[PDB]
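Visitor: one piece of my complex first, more on the way:
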Amino acid sequence: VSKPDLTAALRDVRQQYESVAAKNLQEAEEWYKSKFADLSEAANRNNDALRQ
């Protein structure tokens, strides 16, 4: 208690929260990319259904 030291461990719990929050946004970004592949290859499939 001559210097608080624990205030570092409480910032590392905060840096874990900010890291996990950033990776949860990248999980959503890859799910939006999955939906962009669905929509883009559906638009290619509609251009091929027009040839068919």
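Guide: In hand now; what should we look at? Numbering: from 1, shown residues only, chains lettered A, B, ... in the order given.
Visitor: Relative to residue A:19, how far out is the residue most central in space within chain A?
Guide: For chain A, the residue sitting closest to the mean C-alpha position, by C-alpha atoms, centre = their mean, is residue A:26 at 1.4 Å. Distance, residue A:26 to residue A:19, using C-beta to C-beta, to the nearest Å: 11 Å. (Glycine included, C-beta is placed from N, CA and C.)
Visitor: now the residue nearest to the centre of chain A: how far from residue A:16?
Guide: 16 Å.
Visitor: One more: residue A:43?
Guide: In terms of C-beta to C-beta, residue A:43 sits 41 Å off from residue A:16.
Visitor: Could you do residue A:41 as well?
Guide: In terms of C-beta to C-beta, residue A:41 sits 37 Å off from residue A:16.
Visitor: likewise residue A:37?
Guide: 32 Å.
Visitor: show me what contacts residue A:13?
Guide: Neighbouring residues of residue A:13 by C-beta atoms under 8 Å, 6 or more residues apart in numbering: there are none.
Visitor: okay, now chain B:
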Amino acid sequence: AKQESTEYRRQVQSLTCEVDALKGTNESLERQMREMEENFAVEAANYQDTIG
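Guide: Once chain B is put in with the chains from before, the structure reads:
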């Protein structure tokens, strides 16, 4: 002139069968221009998997 009239009538009737069998094959070229648009639907499908 009746043997001659029987000849040129048969040759003209055979040519009439040409001119209407050619048109039903001109209506077939209007399908080969769709087998073109289907080969372009395969270009658009390989371009859909490209873009995706």
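Visitor: quick one on the thing from earlier: next one: the helix or strand hosting the residue nearest to the centre of chain A to chain centre, how far?
Guide: Assigned by DSSP states H and E, residue A:26 belongs to helix A:6-49. Offset of helix A:6-49 from its chain centre (C-alpha atoms, centre = their mean, to the nearest Å): 2 Å.
Visitor: tally of neighbours for residue B:52?
Guide: By the criterion of other C-beta atoms under 10 Å in any protein chain shown, residue B:52 has 15 neighbours.
Visitor: next one: residue A:44
Guide: Neighbour number of residue A:44 under other C-beta under 10 Å is 21.
Visitor: just the one 3 residues further on next, same as before
Guide: Around residue A:47 sit 19 other residues, with neighbours defined as other C-beta under 10 Å.
Visitor: ok, now which ones touch it?
Guide: B:41, B:44, B:45, B:47, B:48 (C-beta atoms under 8 Å, 6 or more residues apart in numbering or on different chains).
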